[PDB]
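A.B. asks: I am attaching a structure below and will ask some questions about it afterwards.
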Amino acid sequence: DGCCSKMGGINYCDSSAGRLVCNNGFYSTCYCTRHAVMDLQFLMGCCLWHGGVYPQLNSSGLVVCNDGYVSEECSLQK
Amino acid sequence: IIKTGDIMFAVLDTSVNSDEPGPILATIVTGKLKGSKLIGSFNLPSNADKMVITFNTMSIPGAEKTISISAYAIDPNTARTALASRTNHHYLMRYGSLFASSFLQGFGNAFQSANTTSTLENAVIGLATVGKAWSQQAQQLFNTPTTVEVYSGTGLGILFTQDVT
Amino acid sequence: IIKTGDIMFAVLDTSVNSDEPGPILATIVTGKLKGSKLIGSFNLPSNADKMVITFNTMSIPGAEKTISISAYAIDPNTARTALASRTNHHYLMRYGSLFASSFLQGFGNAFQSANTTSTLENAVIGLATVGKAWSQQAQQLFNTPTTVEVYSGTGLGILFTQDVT
Amino acid sequence: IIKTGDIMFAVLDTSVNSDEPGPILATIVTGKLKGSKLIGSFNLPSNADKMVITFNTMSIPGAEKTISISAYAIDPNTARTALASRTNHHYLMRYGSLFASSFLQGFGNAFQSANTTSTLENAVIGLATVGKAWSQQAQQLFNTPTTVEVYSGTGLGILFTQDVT
Amino acid sequence: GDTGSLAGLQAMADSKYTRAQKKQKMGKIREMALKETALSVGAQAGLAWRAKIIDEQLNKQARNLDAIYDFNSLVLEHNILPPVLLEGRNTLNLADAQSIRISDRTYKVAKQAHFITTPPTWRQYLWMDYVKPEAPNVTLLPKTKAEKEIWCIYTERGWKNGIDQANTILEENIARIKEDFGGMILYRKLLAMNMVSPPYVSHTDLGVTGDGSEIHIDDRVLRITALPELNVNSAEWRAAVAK
């Protein structure tokens, strides 16, 4: 996990870039802040592109996204 | 709205003995009601072979409400309503006390009796008269029942009895 | 609508003893009602040859309703109302306890009496006076009834008593 | 309309012992009422040479109704009210227990008394003092009645008592 | 057996088949408790796993999805999504006897054209959820090897059923997005052939405005007053020939 491996070591986490700086003047490939340029291509969660999860305690086993949509795979089966 | 007689899971943390009663609490860890709290007590069975737990005070987080569903519980992965504890606590003590006192009575009377047919007489002395009062006291205290005791870290399953709003 | 006196089937999951009454539930898997569940309790017979279950608290899915059909159950593959368990529970313990206490009484009195016609006298001592108190305690606890115990995975059939709507 | 005291036939399936009252159902297989069912219970006779069954709850298909004709039954191929079971159930147990305990009492007292005119004295010990408690408990248990239990596959004929509509 | 039915009913004279019925009645009652649990857990596991697999495969080929479903090429000049058209060929209805209605071609407008902010992508039509449930909510457990193997094969059946359900869901979503794009291109073709009326936009503007505390420099207001519709004049329509 050594981000400055075969290099000097950790100097400081530039939060304007979200990344560390090694002793030799190069940005390592590790990040250190949540605000940084990531590349996300896969996501978790359910009721995406919708109103999220409606927080009502449903007696039925199905769930409803807050735009009115209902997801069978986020719901259960019978 | 909860259907009649459904099964959920809770975790029992507050270990208590079946001799001096008190409130006991458990907490739901899954299901639609998550983190809900439950207070109740126990009852005493006629014999020490099992133990059932009475729960009636239910609360759900979020709102300032306290519902009153009275329900019972079952052991997961055994599917019996007894208790996972030990029950053999108070047989051997009273048995040993009774046998000691009786043997002492017999020692004094018979080894005094067969003197026709000093320290041995002192053994007669000691067991002869410490036998009797100890015998009647042990006969007094023999009827104390064995206690069972619930545990502090065992999860549990809950059946429902009636419904709720 | 359910006809008077028909037959359905269910599965028993919560195993129970015939010592402390408690709720027992089964679930109908076939017939007209599917997925319905049923809560009741047992009674005690005079003799240890059977065990019957009172089933009164029927709950159906679909609507928020709670019917109260009071009916009993029939064990399949024997078509009787007995129990598939052990009935030989507490014969040997009480018989051996009483017989041993009496044998102790006899050993002390007769081997003290026949001395005309030390460690042996100590045997006389011990059995002589531990016989009597253990004998009366055996007479005290001799009448504890024999239990029966249903199991946690045995199926069942149900015969009905009256009609519902 | 059913005439006063006619003959129909049915099949008994739910077998039960003559100990715990409850619903027993048979089902008519022939005649005008085909597939009708009938629920009743039993009663204990003072002598176990026979057994009778009260049959009162008749259910007919077609309409949602429940008639209440009370009648009894008779044995096919016997034309009797006796019941197919066994009646020699508990003679040998009580006779052997009583006679064994009494024999033990006699052995201890007579071979103790006959010492005038070691292990033999131990035989005196054992049978002498285990005789008495076993004897009084056998006298306690001696009046247990012999039981009968009906069979799960015995067909039956039913005569009626009054009329219906 | 009931196959050589006279022979089987003859062989049921002895008590051997009768006592064989009893040793399988226990199975015939105990079998329908664990199988539903097995089917349920297999269905949930298969639905989750197949859902994650097909979302992975859907993300694998993301470029050509945009290359075929470019809506940004299909918006009109006032950031207005064109409407949704639907059509039918050679329709007929039979109400009852002595009553028949036939119609040659039919068109129905489904979604009215309106303003829009961004061209919608395919991810709000084709992407599905994925949450792995890692808690097996299972009560019953097998006792013998027969129970174990029927548990295994019924879990396999549930796995297959979950796969099938996920595939059907994906099929419905593909149908939905395909017909929306088809309605778009149908509107474009009909507006080209001058069968429909195009939408109409008016815009006005004011000068500088506001109180002494708030000011707006260039204030412009755009409103749509004429929706797309269908003209019904006989001689209005224009055709097209091919070479």
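Residue numbers (the entry's author numbering), protein chains in the order written: chain AN, 39 to 116; chain LG, 862 to 978, 999 to 1046; chain KG, 862 to 978, 999 to 1046; chain JG, 862 to 978, 999 to 1046; chain IC, 27 to 269. Positions of the beta carbon are idealized from the N, C-alpha and C atoms, including for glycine.
Go to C178/IC, then tell me how far its alpha helix (DSSP H) extends in each direction, as first and last residue.
C.D. replies: 171 to 219
A.B. asks: What is the C-beta distance between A136/IC and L112/IC, in whole angstroms, given that I count them as a contact (C-beta under 8 Å)?
C.D. replies: 6 Å
A.B. asks: Enumerate, from N- to C-terminal direction, the unbroken alpha helix (DSSP H) stretches of 4 or more residues contained entirely within the stretch 69 to 137 of chain IC.
C.D. replies: 88 to 94
A.B. asks: Does the stretch 874 to 881 of chain LG come close enough to the stretch 1015 to 1033 of chain LG to have 3 or more Cβ pairs within less than 8 Å?
C.D. replies: Counting C-beta pairs with one atom in each stretch, the stretch 874 to 881 of chain LG and the stretch 1015 to 1033 of chain LG have three or more that are closer than 8 Å, which means they touch.
A.B. asks: Going straight from the alpha carbon of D910/KG to that of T948/JG, what length do you get?
C.D. replies: Approximately 16 Å between the Cα atoms of the pair.
A.B. asks: If the cut is a Cβ gap below 7 Å, which residues of chain LG does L95/AN touch?
C.D. replies: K893
A.B. asks: Straight-line CA distance for residue 985/LG to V890/KG?
C.D. replies: Shown without residue 985/LG, the model has chain LG running from 978 straight on to 999.
A.B. asks: Please tell me whether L873/LG and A887/LG are closer than 7 Å, where the distance is taken between their beta carbons.
C.D. replies: yes
A.B. asks: Mind listing the chain AN neighbours of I862/LG? Cutoff is C-beta to C-beta under 7 Å, in chain order.
C.D. replies: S97
A.B. asks: In the stretch 43 to 68 of chain IC, which residues sit with their C-beta less than 7 Å from some C-beta in chain KG, listed in chain order?
C.D. replies: Listed in sequence order: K48, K51, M52, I55, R56, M58, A59.
A.B. asks: Residues of the stretch 918 to 941 of chain KG in Cβ contact with chain LG at a cutoff of 8 Å, in chain order, please.
C.D. replies: Those residues of the stretch 918 to 941 of chain KG that come within reach of chain LG (Cβ to Cβ, closer than 8 Å) are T918, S920, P922, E925, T927.
A.B. asks: Excluding the 5 residues flanking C51/AN on each side, which residues of the same chain have their C-beta closer than 6 Å to its C-beta?
C.D. replies: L58, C70
A.B. asks: When we look at the beta-carbon of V67/IC and count the other beta-carbons within 10 Å, is it buried (16 or more) or exposed?
C.D. replies: buried
A.B. asks: Taking a contact to mean a Cβ-Cβ separation below 7 Å, would you say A64/IC touches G188/IC in this structure?
C.D. replies: no
A.B. asks: Just to confirm the assignment, what range does the alpha helix (DSSP H) spanning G1007/LG have?
C.D. replies: 1000 to 1022
A.B. asks: Looking at the structure shown, is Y50/AN part of a helix, part of a strand, or coil, going by DSSP?
C.D. replies: Three-state DSSP puts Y50/AN in a strand.
A.B. asks: Using three-state DSSP, classify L959/KG as helix, strand or coil.
C.D. replies: In the three-state reduction of the DSSP assignment, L959/KG falls in the helix class, which pools H, G and I.
A.B. asks: For a contact meaning CB atoms closer than 7 Å, what does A1009/KG contact in chain LG?
C.D. replies: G967, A971
A.B. asks: If we cut at 7 Å on Cβ distances, does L959/LG have a partner in chain KG?
C.D. replies: Taking CB atoms only, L959/LG has a neighbour in chain KG less than 7 Å away.
A.B. asks: When you compare each of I1039/JG, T1046/JG, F964/JG to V913/JG by their alpha carbons, which one comes out closest?
C.D. replies: The shortest C-alpha to C-alpha distance from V913/JG to any of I1039/JG, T1046/JG, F964/JG is the one to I1039/JG.
A.B. asks: Helix, strand or coil: which one does DSSP assign to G1038/JG?
C.D. replies: strand
A.B. asks: For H229/IC, write down the residues that DSSP places opposite it in a beta bridge.
C.D. replies: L248/IC
A.B. asks: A975/KG versus chain JG: which residues are under 7 Å apart at the beta carbon?
C.D. replies: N976, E1002
A.B. asks: What residues from chain JG crowd round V890/KG, counting only those whose CB sits closer than 7 Å?
C.D. replies: What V890/KG touches in chain JG: nothing, since even the nearest Cβ is about 21 Å away.
A.B. asks: Buried or exposed for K1013/JG, please, with buried defined as at least 16 other CB atoms from any protein chain shown within 10 angstroms of its CB.
C.D. replies: buried
A.B. asks: Going by C-alpha distance, which of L167/IC, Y95/IC, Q138/IC is nearest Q150/IC?
C.D. replies: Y95/IC
A.B. asks: Give me, in chain order, the residues of the same chain whose beta-carbon lies closer than 7 Å to that of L120/IC; leave out the 5 immediate sequence neighbours on both sides.
C.D. replies: Cβ contact annotation for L120/IC (same chain, cutoff 7 Å, sequence separation greater than five): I126, in chain order.
A.B. asks: When the cut-off is 7 Å and only beta carbons count, does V877/KG lie next to chain IC?
C.D. replies: no
A.B. asks: Distance cutoff 7 Å, beta carbons only. Does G1036/KG sit that close to anything in chain IC?
C.D. replies: yes
A.B. asks: State the beta-bridge partners of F870/LG as determined by DSSP.
C.D. replies: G1038/LG
A.B. asks: Does any C-beta atom of chain JG lie closer than 7 Å to the C-beta of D880/KG?
C.D. replies: no
A.B. asks: For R45/IC, name the three-state secondary structure that DSSP assigns.
C.D. replies: helix
A.B. asks: Can the beta-carbon of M219/IC be found closer than 7 Å to that of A266/IC?
C.D. replies: yes
A.B. asks: Using the beta-carbon of each residue, which ones in chain KG are nearer than 8 Å to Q1043/JG?
C.D. replies: Residues of chain KG passing the Cβ test: none, with the nearest at roughly 19 Å.
A.B. asks: Along chain AN, which residues have their Cβ under 8 Å away from the Cβ of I195/IC?
C.D. replies: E110, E111
A.B. asks: With contact counted as at least three CB pairs below 8 Å, one residue from each stretch, are the stretch 1002 to 1013 of chain KG and the stretch 962 to 971 of chain LG in contact?
C.D. replies: yes
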